[PDB]
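# Topology and contacts: notes
Take a look at the letters that make up each chain.
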Amino acid sequence: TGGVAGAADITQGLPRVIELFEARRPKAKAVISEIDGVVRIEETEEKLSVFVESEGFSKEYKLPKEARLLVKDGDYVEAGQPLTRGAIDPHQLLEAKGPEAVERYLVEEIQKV
Ligand SMILES: [Mg+2]
Ligand SMILES: [Mg+2]
Ligand SMILES: [Mg+2]
Ligand SMILES: [Mg+2]
Ligand SMILES: [Mg+2]
Ligand SMILES: [Mg+2]
Ligand SMILES: [Mg+2]
Ligand SMILES: [Mg+2]
Ligand SMILES: [Mg+2]
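How each quantity is defined
Residues numbered from 1 in each chain as written, not as in the entry; some residues may be left out. Chains lettered and ligands numbered in written order. Part of a larger assembly, values for the part shown. Heavy atoms only, no water. Pairing = 2+ DSSP bridges. Helix = DSSP H or I, 4+ residues; strand = E, 2+ residues; numbered from the N terminus. Axes fitted to C-alpha atoms, helices over the stretch in contact; angles between N-to-C directions. Buried < 20%, exposed > 50% of the residue type's maximum accessible area, 1.4 Å probe, protein only. Parallel < 35°, antiparallel > 145°, perpendicular 65-115°, else oblique. Contact = heavy atoms within 4.5 Å. Nonpolar A, V, L, I, M, F, W, Y, C, P; charged D, E, K, R; others polar. Core = buried A, V, L, I, M, F, W, Y, C linked by side-chain atoms within 4.5 Å.

As documented in the archive entry, the model was determined using X-ray crystallography at 2.50 Å resolution.

Structure (structure tokens):
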């Protein structure tokens, strides 16, 4: 779905149902949180950046210009939670929140349509 132009973010109709049954890398993906911790954001001109961290560790996340961020400087983000806005890659959610997560995401993301 969609077409390469400026910022076309999601995928509707059957096109999507295809992108869902067939595990695929959405056009406008959403970087998930491999780590369940707290949020931190930065200012510099070119690229934004969201950092998740626990008393254990922190992870750097590259969020280029188009990425509209759902999360804010401050609260917790469970593993595989949406840190970018839009679509998620099942494989990633598989690795992050688990199978049960992907499974549960697939079903519900499909019925959405
Ligand atoms: Mg545009
Ligand atoms: Mg759209
Ligand atoms: Mg549309
Ligand atoms: Mg403490
Ligand atoms: Mg990176
Ligand atoms: Mg808020
Ligand atoms: Mg609050
Ligand atoms: Mg488990
Ligand atoms: Mg749900």
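## Some thoughts on the sheet that holds strand 1 (residues 38–41)
Taken in spatial order, the three strands make up an open sheet running 1-2-3, and their pairing is antiparallel. Each of the sheet's edge strands pairs with one partner strand only, and the pair in question is strand 1 and strand 3 (58–63). Between one strand axis and the next, the sheet turns by 25 degrees as a mean value, whatever way the strands run. Alignment of strand 2 (residues 48–53) against strand 3, held across six bridges, turns out to be antiparallel. Bridging from a neighbouring strand, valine 50 pairs with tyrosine 61 of strand 3.

## Observations regarding the side chain of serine 49
Within the fold, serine 49 resides in strand 2. The class of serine 49 is buried, set by a relative accessible area of 11%.

## Looking at the packing of helix 1 (residues 14–21) against helix 3 (residues 99–112)
When two helices pack together, you describe them by how their axes are tilted relative to each other and by the distance separating the axes. It is at 10 Å that the axes of helix 1 and helix 3 come closest, and there the two elements cross at 170 degrees. In terms of orientation, helix 1 and helix 3 fall into the roughly antiparallel class. Contact with helix 1, carried on its side by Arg16, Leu20 and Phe21, involves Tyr105, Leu106, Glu109 and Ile110 of helix 3 and no other residues of that element. In terms of residue class, the contact of helix 1 with helix 3 is built from five nonpolar, no polar and two charged.

## Remarks on the nonpolar core
Among soluble globular proteins, nonpolar side chains are generally buried collectively. Ranked by size, the top nonpolar core spans ten residues in total: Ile35, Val39, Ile41, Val50, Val52, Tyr61, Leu63, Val71, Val77 and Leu83. Elements with a contribution of two residues or more to this core: strand 1, strand 2 and strand 3. Each residue touching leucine 63, except ones within four places of it in the same chain, is listed here: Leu48, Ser49 and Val50. Formed by eight residues, the second largest nonpolar core is a distinct cluster that contains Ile88, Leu93, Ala101 and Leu106.

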